[PDB]
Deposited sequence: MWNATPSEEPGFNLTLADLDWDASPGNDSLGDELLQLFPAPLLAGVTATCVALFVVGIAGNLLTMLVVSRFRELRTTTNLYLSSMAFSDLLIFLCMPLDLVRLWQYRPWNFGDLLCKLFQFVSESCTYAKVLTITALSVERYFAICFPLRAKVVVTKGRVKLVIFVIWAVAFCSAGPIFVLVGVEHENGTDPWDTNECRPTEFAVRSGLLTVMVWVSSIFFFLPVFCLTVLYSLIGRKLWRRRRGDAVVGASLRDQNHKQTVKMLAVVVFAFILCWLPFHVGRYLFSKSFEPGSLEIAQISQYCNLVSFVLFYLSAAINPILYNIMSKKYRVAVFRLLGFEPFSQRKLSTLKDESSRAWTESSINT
């Protein structure tokens, strides 16, 4: 709660601009070009939508960092509902992209026969449904509760702290870390094992790309999930000094959570030359 926020707020809004420019671009590029519906950028379009709303929910998040907010009522539910539901949709889309990469690379002909782009749309719907149902109880666990009215917070109401709701939703959310990391690591290791056994310098580049994807996922998400665990622990047991680490971990975890949405569009389409050609075609250059 220092004045430092005056700089990270500028970094946060720059991240907003970069992520919006990278995510809105992807959807209107996929829609326009027929050859850019290659069942990989369909998931990328869905994740661009997810990052788009995340950034749309971002301004309501920014104001809380400063310090007693009367900002609204049922703003916490539709704020922390669409945001977290989107964290879940983008991580599930990352998991889906991993499985699609694994199928298309390690089983190329079986994937040619099985994946028909009709089932992929269904997988996207399943992903969104799971994201919404897993982010369901956010309607309940968080509201507003002052301890006058000038000292209220957008906090998980003490009904969850007294009960086992907040500390169980910490586990429910950490599922969305453990499952995706344990799938990307194993699938991208299997893909790299196939390519090295199939063995070029290009395959080294693919291995580097998938390692960077895994490293970026671990960097963006574990600091969040840890800080989420780091608070929701000061409430019921009453942590004394852990609250010092609690807030800072969540400012860092907060800027990596938005850095994730910013760099997601430029982490799966950076080396796609067919995507670059369409990007330059659609704009002036």
Checklist line | Sequence ranges absent from the coordinates, based on the deposited chain and numbered from 1 | finding: 1 to 38, 106 to 107, 188 to 191, 244 to 254, 341 to 366
